[PDB]
There are 2 protein chains.
Amino acid sequence: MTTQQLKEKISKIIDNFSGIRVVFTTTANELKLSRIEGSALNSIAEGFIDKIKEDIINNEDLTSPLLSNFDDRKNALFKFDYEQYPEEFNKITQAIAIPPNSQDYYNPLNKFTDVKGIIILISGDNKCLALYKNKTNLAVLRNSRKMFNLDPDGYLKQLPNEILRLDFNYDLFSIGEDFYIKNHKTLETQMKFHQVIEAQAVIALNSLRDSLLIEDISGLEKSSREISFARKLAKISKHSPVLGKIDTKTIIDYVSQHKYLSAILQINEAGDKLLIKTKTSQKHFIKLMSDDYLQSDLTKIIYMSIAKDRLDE
Amino acid sequence: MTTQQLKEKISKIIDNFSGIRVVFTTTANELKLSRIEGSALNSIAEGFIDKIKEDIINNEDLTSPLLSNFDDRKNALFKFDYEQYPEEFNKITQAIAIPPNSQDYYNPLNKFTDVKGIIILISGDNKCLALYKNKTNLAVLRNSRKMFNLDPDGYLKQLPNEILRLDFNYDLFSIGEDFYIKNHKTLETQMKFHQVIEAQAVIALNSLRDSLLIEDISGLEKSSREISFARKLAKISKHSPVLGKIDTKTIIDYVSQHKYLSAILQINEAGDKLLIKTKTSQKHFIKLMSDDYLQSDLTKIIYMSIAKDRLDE
């Protein structure tokens, strides 16, 4: 389901906006309905609709690649292509379909410390888009305290620091039965997705040691505890057009002949394995199995692709 | 000044943290000093240090490219390489150097509607890093409203709507005499940099007209009122490895041979100029002069680089 089709689904919901209702997900994994005032609700609706337009509708550089094809692209919504739905995904699926007559409402004596996330149900064209935000530390919003009598020298101090936020920023959303991610840190941390990524990264590490391309993998095994390397290891494990496709000797000779790659990735003292241990050399070898080292067919200049897309498909 | 040098400067300030003091910049372009309570000041220091570490120190994939070399890369702090300092740049430069004994303090009767931005002066290793935050449009809170006496009759509703925010999110910062941008929308909008960008885009249009490579520029001028195309026109005007090379016939033949481009970028009946009228053809020609169409010398697959880095340095 292409990016343009995502745009037309979003515009069908937006331009036929039917209603908005907000679901709080608690720490006990029960969807408690909210009690947002009508005027604030209209303001919320307006702001979030504008945010959706700015990020999807009028966003011409909006790209929809796979989450397992993780790269560094701003204004990019990743398609969730994994088999494992963290419990909040199922909670959002059920959040789509609380019947309107339900009295399962959120008691506000909970002081908004039970609030674990916030679900914004924007409905349109008889469909229901669902946004998810989290309950961050309340940015520490300090207001001037003018205790005095009722203070031109007062000082700034957060008073309640229990007030709900929703700074108009979806971390992820779901249309139909298709989930999209904007703030990946939320998925890997709050929803505890790092397990899946680290397991796929271990699969990649095993394929690398079994491929016998490098000499000492303890460098990569050390770097695999960080998630910034685990995502790239998972990307290589699931999408590498180099690992498992081109033979090892061709890769060794490619590094040898490639002037820059040889100077960036040092070659082994023998010549059948590679010596890749330091953080930068690890990152370069990672970008090597990612096929990010590309030469121009016009200007004949080599580049370093942070984000790329196949054109033949 | 490379990215690693930024990393060691930032860790020098962080690991030798000496103090933090906050300056409010008003709408009249005068730096009024703040009155943040000590504990809240401590929370600010803590949170902003964590954000700085997460975005610079512990960010292993942090890139520091030029602002005029704008591409779509997350975890990237753009180096301000223009000659024109928007007024807030000078305001931050002067914010670095308010003497500690200054009593030019912000009177809080202003209800924080005079607050135009917020300057966070994080000092360390006898240097002063300076963060800048603004009041983003898409920002809102909600507190519970309910009372009766002091009965489930009440709703959630924002009431003060004057409270200062300072989400732990810097839009840009300045170390020494080197400015870096994170939230580019803040620069192009609040600081009104879009004039400079549109001027560079008109310069690019003129350079394209002088190149005599295209036939009709009316499409480009229509799309140039949008800023998302103006940034790409500025990138081509200052960095294009294709524009500025007088070889239109070579580019024509390249497009002809290029399997993908030939279907999108049509050649005229005389074969000396290009036919670029539709938005899609415009976007493809833009990514063409950006040298984003790159073929692998290993997998022999053509790709579309959203973000790239020249490797020669």
# chains A, B, ... in the order shown; residues from 1 in each chain; ligands from 1
$ residues_around --residues "residue 53 in chain B" --least-positions-apart "4" --cutoff "10 Å" --atoms "only C-alpha atoms" --output "PDB file with N, CA, C and O atoms, in the first residue's frame"
ATOM      1  N   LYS B   7      31.991  16.924  19.216  1.00  0.00           N
ATOM      2  CA  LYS B   7      31.729  15.981  20.294  1.00  0.00           C
ATOM      3  C   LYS B   7      32.647  16.239  21.481  1.00  0.00           C
ATOM      4  O   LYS B   7      32.198  16.239  22.635  1.00  0.00           O
ATOM      5  N   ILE B  10      31.688  19.490  23.300  1.00  0.00           N
ATOM      6  CA  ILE B  10      30.465  19.351  24.085  1.00  0.00           C
ATOM      7  C   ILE B  10      30.729  18.536  25.339  1.00  0.00           C
ATOM      8  O   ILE B  10      30.209  18.847  26.414  1.00  0.00           O
ATOM      9  N   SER B  11      31.526  17.470  25.223  1.00  0.00           N
ATOM     10  CA  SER B  11      31.859  16.692  26.409  1.00  0.00           C
ATOM     11  C   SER B  11      32.758  17.482  27.351  1.00  0.00           C
ATOM     12  O   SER B  11      32.711  17.269  28.567  1.00  0.00           O
ATOM     13  N   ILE B  14      30.220  19.544  29.169  1.00  0.00           N
ATOM     14  CA  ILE B  14      29.315  18.730  29.975  1.00  0.00           C
ATOM     15  C   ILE B  14      30.037  18.189  31.201  1.00  0.00           C
ATOM     16  O   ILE B  14      29.611  18.404  32.341  1.00  0.00           O
ATOM     17  N   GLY B  47      17.773  17.915  32.717  1.00  0.00           N
ATOM     18  CA  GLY B  47      17.087  17.518  31.497  1.00  0.00           C
ATOM     19  C   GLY B  47      17.810  17.950  30.236  1.00  0.00           C
ATOM     20  O   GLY B  47      17.913  17.189  29.269  1.00  0.00           O
ATOM     21  N   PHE B  48      18.285  19.197  30.210  1.00  0.00           N
ATOM     22  CA  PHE B  48      18.961  19.685  29.016  1.00  0.00           C
ATOM     23  C   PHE B  48      20.296  18.984  28.811  1.00  0.00           C
ATOM     24  O   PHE B  48      20.710  18.756  27.671  1.00  0.00           O
ATOM     25  N   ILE B  49      20.988  18.632  29.897  1.00  0.00           N
ATOM     26  CA  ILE B  49      22.212  17.848  29.760  1.00  0.00           C
ATOM     27  C   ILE B  49      21.904  16.490  29.140  1.00  0.00           C
ATOM     28  O   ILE B  49      22.625  16.024  28.250  1.00  0.00           O
ATOM     29  N   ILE B  57      26.465  13.532  22.292  1.00  0.00           N
ATOM     30  CA  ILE B  57      27.506  12.701  22.895  1.00  0.00           C
ATOM     31  C   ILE B  57      27.253  11.224  22.606  1.00  0.00           C
ATOM     32  O   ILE B  57      28.065  10.549  21.961  1.00  0.00           O
ATOM     33  N   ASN B  58      26.116  10.702  23.071  1.00  0.00           N
ATOM     34  CA  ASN B  58      25.803   9.292  22.875  1.00  0.00           C
ATOM     35  C   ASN B  58      25.214   8.998  21.504  1.00  0.00           C
ATOM     36  O   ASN B  58      25.010   7.825  21.174  1.00  0.00           O
ATOM     37  N   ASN B  59      24.912  10.024  20.714  1.00  0.00           N
ATOM     38  CA  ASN B  59      24.448   9.837  19.343  1.00  0.00           C
ATOM     39  C   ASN B  59      25.650   9.457  18.489  1.00  0.00           C
ATOM     40  O   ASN B  59      26.434  10.317  18.082  1.00  0.00           O
TER      41      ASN B  59
END
$ interface_residues --of "chain B" --to "chain A" --cutoff "7 Å" --atoms "only C-alpha atoms" --output "ChimeraX atom specification"
/B:35-37,40,72-74,107-109,138-143,155-157,163-168,241,291,293-297,302-311
$ closest_residue --among "A:249, A:185, A:259, A:231" --to "residue 211 in chain A" --atoms "only C-alpha atoms"
A:249
$ closest_residue --among "B:45, B:214, B:98, B:267" --to "residue 23 in chain B" --atoms "only C-alpha atoms"
B:98
$ residues_around --residues "residue 266 in chain A" --least-positions-apart "2" --cutoff "9 Å" --atoms "only C-alpha atoms" --output "PDB file with C-alpha atoms, in the first residue's frame"
ATOM      1  CA  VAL A 255      37.284  -3.318  -0.671  1.00  0.00           C
ATOM      2  CA  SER A 256      40.847  -3.781  -1.939  1.00  0.00           C
ATOM      3  CA  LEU A 261      36.774   1.857   0.887  1.00  0.00           C
ATOM      4  CA  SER A 262      40.320   0.500   1.240  1.00  0.00           C
ATOM      5  CA  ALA A 263      41.391   3.668   3.090  1.00  0.00           C
ATOM      6  CA  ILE A 264      38.245   3.649   5.247  1.00  0.00           C
ATOM      7  CA  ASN A 268      43.419  -8.025   6.798  1.00  0.00           C
ATOM      8  CA  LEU A 274      38.572  -8.367   7.277  1.00  0.00           C
ATOM      9  CA  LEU A 275      39.875  -6.544  10.354  1.00  0.00           C
ATOM     10  CA  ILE A 276      36.964  -4.387  11.608  1.00  0.00           C
ATOM     11  CA  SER A 281      35.282   1.121  11.121  1.00  0.00           C
TER      12      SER A 281
END
$ closest_residue --among "B:189, B:94, B:16, B:290" --to "residue 122 in chain B" --atoms "only C-alpha atoms"
B:16
$ closest_residue --among "B:257, B:24, B:204, B:123" --to "residue 176 in chain B" --atoms "only C-alpha atoms"
B:123
$ atom_distance --atom1 "CA of residue 104 in chain B" --atom2 "CA of residue 180 in chain B"
27.3 Å
$ atom_distance --atom1 "CA of residue 230 in chain B" --atom2 "CA of residue 217 in chain B"
14.2 Å
